[PDB]
Structure formats: C-alpha cells, structure tokens
Amino acid sequence: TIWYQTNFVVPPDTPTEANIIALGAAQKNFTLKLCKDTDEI
Amino acid sequence: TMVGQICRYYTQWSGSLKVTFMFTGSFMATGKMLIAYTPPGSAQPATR
Amino acid sequence: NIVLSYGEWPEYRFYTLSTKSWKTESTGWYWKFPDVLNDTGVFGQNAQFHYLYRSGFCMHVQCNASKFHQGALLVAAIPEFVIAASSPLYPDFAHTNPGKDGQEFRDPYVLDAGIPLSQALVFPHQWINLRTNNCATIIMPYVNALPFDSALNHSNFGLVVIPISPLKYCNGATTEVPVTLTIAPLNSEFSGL
Amino acid sequence: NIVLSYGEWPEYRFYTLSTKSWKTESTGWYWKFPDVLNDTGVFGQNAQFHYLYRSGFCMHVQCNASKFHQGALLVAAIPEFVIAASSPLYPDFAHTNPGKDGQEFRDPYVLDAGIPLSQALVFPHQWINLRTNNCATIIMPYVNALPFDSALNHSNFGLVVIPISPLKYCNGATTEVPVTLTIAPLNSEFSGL
Amino acid sequence: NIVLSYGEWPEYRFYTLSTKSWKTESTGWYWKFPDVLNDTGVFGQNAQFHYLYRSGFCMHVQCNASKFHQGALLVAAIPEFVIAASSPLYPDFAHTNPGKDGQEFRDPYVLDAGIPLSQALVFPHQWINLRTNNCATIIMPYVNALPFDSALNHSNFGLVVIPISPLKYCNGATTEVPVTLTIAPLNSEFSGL
Amino acid sequence: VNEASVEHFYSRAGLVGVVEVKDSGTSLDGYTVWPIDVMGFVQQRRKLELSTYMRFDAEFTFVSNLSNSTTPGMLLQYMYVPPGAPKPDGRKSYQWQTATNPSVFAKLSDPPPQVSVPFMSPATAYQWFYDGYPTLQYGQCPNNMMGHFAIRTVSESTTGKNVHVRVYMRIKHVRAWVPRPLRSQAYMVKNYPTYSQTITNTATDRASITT
C-alpha cells in the first residue's frame, strides 16, 4: 500500500500532476516447480 | 510482468520478490510517500 | 549537522508522526514528550505496563519546500518545559499533555512559559532556513534529578518549533509547507512490570 | 552510463539524423536499421555496391528539455523486429522500411508486434527520465544466424523510443521537446563489390 | 523420572492451568495443544501475531492425594490426535479445540479416535499409581512434516489423562482428588509478524 | 573572572521573611510558624530560576527586637520542624517538647542566633521547574519543602509585648544545572508561572528603526 505523507509541493509554473511506474522482478533465490500448460493462450 | 507470465507455465513457485518505483514528475517538485508491506495473514491497514 | 544536547550521549526504530502544514499565518507547535509515544507502538505499551523507565531520544525535523518559498524556523529542546495559563488559574490537560498530534502555541512570543523567545537560544537548538537547509537533528540525553521516573505522570522535556520569520511565496506556489517529525528512542530501560 | 547489448563488443564517423519533436500527444517512433544509413553518406554507397556486409552499431539518443518539463521515455534495441498489420493482411513497405526519417507507431501498447510493451524491458534498454538524465547510449553487436547478409533486404534490429509517461509543462514553456539521434557504425565490413 | 518422547530433545516460564477434580465417576480429559496457551499469557499473544512458529513443550501432571486413596492414571502424549464423531458426521469445534480448560472424553475406551486404549502405551506415556508416585513428566520435541506451521489452525499433539482404575476411598475422605497441569514452552520460535 | 560565578552569584545573606509573634493585642497567641520559602520575594525568585536544578546548604540568622528597637532580656525559643513532622497548635502545646525537633534558646540581648540546614530533598537536587502531575497539582513537587521554624516567647501566660523577627538566609556550597532564560513577564500567583494577558515588551520602544 502506498500512502500520501505530507503533500505534493511545487513552485510556480510547474505541473501539478506526476506519475510513478512500478517494476517487479524475481529475486536470486526464486524457484519454480512441476509443470503446467498456460491458460493465457 | 515476465515473472508472472512464466509462473503460469508451472504449478508452484517459491521465493522472494522485488519491486521498484520511479517518480516521473518534475525536477522542481518535492514531496514524500509511505510504502508499506503486509504479511500474508494480516488484513491491510486502514490508516497510515 | 547533528546537535548533541549538553555534550552527553544518551548512554547507560523510527517513528514518523503525522505531518503539520505550516501556513503563512501559523504560530508554531510543541510536542512535550516522553509522551508522544505513550499511545503508539511497542514503546507505547512498555510505557503503560512498567512502573519506571529511563530513556534518551533522537529527534529529526524535516521540511519539504521549493526554492521559491522562504522563511525560517527555530527548533529547540527545552527540559522541564512548563505551560502557563494567561490571566483573563491553570492550564487545561489538553495543553499540558498534547499527545502525538502536538499543540499549537497561543503566545509564541513568551513560549507560554512567561520567558522570552529571544533568549530561547540558550537551550539546544537548530535553525531551518529554507534557503540554507531543510533539516534539523537533535540528540537529547536523559536529564532528571532521579535515575528513573514515571512515563505517564512526568514529562522530561518539550520540543518546540516556532516560525520566527513568516512563510512567503508568490501566487501559484503551494500554500502550505509540510513539516514532519521522526523520533527514535535511544537506550531505553524499564522496570516494575 | 553506456549500455552494452548482450555483453558483447562489436569486434571482428557520427551521423546526426534530423530531430523529432516530442509533443504531449505523440505516440513514439522506430528506426529499424541497417537501413537508416543506406541512403545517406559514404556508408550508404558501400551498402549499395557491396553484396555482403557485417557491421555493429553504436547509437545515442539525446533530449533537450528544461527543469520545468517532465516525462519519461523507454529506449530499446530489439533484434529481428517484425511489424504486424492490424486486422480491419500485410504491412506496407513504408512501415517495414521507414527510412532515415523513421516511422511513428500506430499502436504503442503492443509495439505493432503483438507483444506487450510491459515486457519490452527484456531487450537492451535505457530510460530517459527528464529529471534524472537527458541521454541514453546503446552499443549493439552484430547478431545474425549467418556471418554476412544483405543490407537492402534484411534489417538486423530496430530502435524503438516510446514516451511511456506523457510530456507535461505549464503554460509559457516550449510546447515540443527535441529528440535527436546519432549513429556511429562500428567495425563494418563489406564484400562482393 | 523424566520421560523423553522419541529420544529427542526439543533443541533448535511455567504456566499452571486450573485444577481438575477427579471423582470416582470421571472419565478423563484431553488438552490437545499448541492451543492451550493461545489465549493466555505472553506466549498467547505471540501465537496470534506471528504467522509461523516452531516450539517444543515440557508438561508436568501432578496429583495430590493421601495414603488412604487408591487409583491409577495413564498419561500419554499422542501426536496428530484426531477426534471422531460417534454415529447416531463431524465433531463440533468445542471438541476439536477444547481450549485451556480441556475436554472430557465421551468414550474413554476408544479414546474417541476409534483406536483401542489397550494399545495407547505405544505413545510416550507415564503411570500415576497413587501408592507408588504422584507425578508424571513428559518432554515433547516438535514433530511435524514441515519445519514451521500455524498455531491457530494446526494442533501438533494432544495430552490425554485416563483414569484406568477408578478412584476409591473410605467414608470421611475427601471425595475428589485435584489433578493439576503445568506447561513450560521449550525452544519456541516465531516469524511473520 | 571569579566575581561572576554560580558560587559567587548566589552568595550574600538576604532577607527571606519578616514575622511577628504579636501576643499583645486582640491576638494573644504568642507564637508563630513560618514555612521556609526561598522565593518569598520576586527578585530572589527570578535569580533562582536561572537554573532548573540546584543543590545547596542553608544558613539562617534571626535578628529579633521589640517594636521600639529596644532589646530587653527575654527568652525565646526557635524550633525547627523538619519536613513530615506536626506543627505546634499553641504556646503551651506538647509539640515544643519533642526531642527530634532541634530548638535554640537565645535571649533578645544576645547576638542573633544562627544555624545550618542540610540539603533536605529526596531527589538529588531541588528542581524549581517540574513538569507533570505528582500523584491544581500541575508542576507542584512536594520534594522541595524544607520544613518550618516555630518561634515563641517562653512564658507561663500572656506577656504583653510584640516581638518582630527578620530572617537572613545564605546559600552555601551551591551547584546549578541546565541554564534557563530570565522571566520577562511579571509574576502574578505565588506558585505558578501564570502571567497577565497584557503582554509587555522586553525592549523599550523608539520612534523609528533608523533611530
């Protein structure tokens, strides 16, 4: 969960809305087991 | 994600994950955020 | 840089309190604490259950503002800070133990103690000058006449933040400037469960 | 810093292409090349006359914008990048060989390959985040199933620049942000004049 | 003397539960636990908050009776002890998690598992023979298929006390004999707060 | 150098209290009980409040005379009731005979009596600023009280003359701790900080900032 703390502070003549992109990945110790057929296709 | 597309080929995955955030706003903008994580058993927080 | 109150280290996790908005018209705040953490966290349950405690603190004030904002703050740590009740007598319990959300000064000039603010620089202090720096840090050792005392009854010191020079900005800038506080207990002890 | 595609150096002058204007509403571009340099320069005449060639590239994307502009770009180098023709079938030759002036994506989301853009980070890539940095650099070794191939027929890889987070500015700022590209052939070879 | 279950020490304070009265007509009791301590003490709050735990136990049954009383008890520790529901089907939740006050057997003969009580001596056990000795002590290592598991959902083992030979006394003696239980967690661990 | 020092800044004898036994008039009592208070006067209250904590020994001197300044020989008892002991009800009360209350018998014709009172507090040092409730009670620490002095003329019944006493205390072996500002606002109530609603300015006014 991402919470606003304080507030988004901007000078004059600066755009008031911004964005955040999130990047997920596995770690070094991640492992995969058995097998299956994807339901995506 | 790529990690979530290959996990659909297998039945069971186990391990630890990673998440990264990039703030895209202006160079002049200043603020602060709070990023929290909850264990699998607990319900999510209702207040910061 | 770090300010070490009275040259003593408090020898024998971080709690982020909610943010204050500093508007051009605001008169300042005081947190007066062992107390701020009594009702929050795992430190707050120790303070209820044990009958005696000894703890030092480390407290960090931080201010997020742009280069077009201007102003200044005085940040002081005052031991045995006692509130006075201005005549037309006793201060209410909301004023003498403000809680985790702090209290706002009625009279910033006398600090509600009757003592002048000009001389408040005799206590451990920092300046936040929005052009020079955004942060102030103070480490406070345990000062008391006794080796141990009670967490609920007695308040060792206050923390006081006065906007000495008012906040100004040109039209279009964000009206209020967030001021946030972070408290890490150092070297806390307890007894008498 | 420099990005070295697939950890290989392309072992066995600078061409500045015209500038693109990145407006708040633009959907991105792809140059898809051995090809961009076929019609320009002394490299472009070698590519016509010789019957086989092997070459690696080094390509540099740069973005001129102020501190009041904001946005982000993903810069990727994708081998064997094949264009698809959305139904209501074949892509036109303008789309499959855009030339030195590049082509603009119809669908930025699927990259017109049918593959998702979320996973385009599996290819060699950089980010241009207008607050962090203005430039991205990628060195691409020669990847092919064969040691040599034809310059006119076959395109080894594409270069793709997608504005992931749209461009925003306050009134009075320059409406478009110039995006320019620089290609230096590394370790090129030719045969069969 | 001490009984060490399965020859293992549980390597990786005392809780006194309320007293049971053993009357001549009573059929026995079972405490079935990680569970007895879930709702009591500081161990009981850890079991709520953490998502995984691993713990062994040491449990002590003691019986206060004179030299004119006679009787015998079998004291056993049975792993994965599962309750069955006798037909004219499922056991109620009061029976499958009796709590800190235990539950009283409906059928002492089959132990409500369908298995005979004659062969219950295959589990770690002690005898209390009121002429020979008043106490029984059992140390139980952690037995599970997994290294960690949940405290609320899963019950590692039960503790079962059956009065095999009924209590007899002459007129004037105290009618009931107090039976008390003491549990000390050994080598407990927790994770996932 | 040594003339400004915490040892030398709290030094010389000063007038703590002025009491009267006054048995002549409609008040026939012939005794008085005076609680030991160092802050009875506002100017010595302000100097002691430059420090939060202090630890010191006391020196008490009793200058006594009749109303016309004449000091005829007559016998007075100066007792000392330490903190936690009951105070005399009357001139003949049995609480003047208690062996644990130190007392001094000195005539009015003698030099002024003087005695020394050791540091009496359970805490390591007296604290003039206390924050929090000990048990109206806000900021009130019971540990500070030093006791009483009960004074009477030793007589069977009703001598008809009034005796005026002046008490001079001298701080000794003084140690001070964390410094504190000097009060700008005027005091109102005895025990508390409370100050009037009309804020008076520290620096005096001038016409304009130029001069």
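For clarity, chains are labelled A, B, C, D, E and F in written order, and residue numbers in each chain start from 1.
By definition in this document, a residue touches a chain if its C-beta (ideal position, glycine included) is under 8 Å from a C-beta of that chain, and two chains touch if they have at least 3 such contacts.
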> Which chain wins if you rank chains by how close their C-alpha centre is to the centre of all protein C-alpha atoms?
Replying inline: C
> With chain centres set to the mean of the C-alpha atoms, which chain is at the far end from subunit D?
Replying inline: F
> Quick one: subunit A and subunit F, Cα centre-to-centre, how many Å?
Replying inline: 71
> Could you state the distance in Å from the CA-based centre of subunit A to that of subunit B?
Replying inline: 5
>> For subunit D versus subunit F, what separation do you get between their C-alpha means, in angstrom?
In response: 91
> Going by the touch rule set out above, which residues of subunit B reach two or more other chains?
Replying inline: 1, 5, 22-26, 28-32, 34, 48
> For subunit D, which residues are shared contacts with two or more other chains?
Replying inline: 68, 70, 72, 121, 165
> What are the residues of subunit F that contact at least two other chains?
Replying inline: none
> Can you list the subunit C residues touching subunit F in their complex?
Replying inline: 6, 32, 79-91, 96, 107, 109-110, 113-116, 118-120, 122, 143, 145-146, 150, 153-156, 158
> For subunit B, which residues count as touching subunit D in their complex?
Replying inline: 1-2, 5, 22-29
> Which residues, counting only subunit A, touch subunit B once they are in their complex?
Replying inline: 1-11, 14-15, 17-27, 29-40
> Okay, in this complex, where on subunit E does subunit B touch?
Replying inline: 51, 192-193
>> For a test of understanding, state which residues of subunit D touch subunit A in their complex under the given definition.
In response: 68, 70, 72, 121, 164-165, 168-173
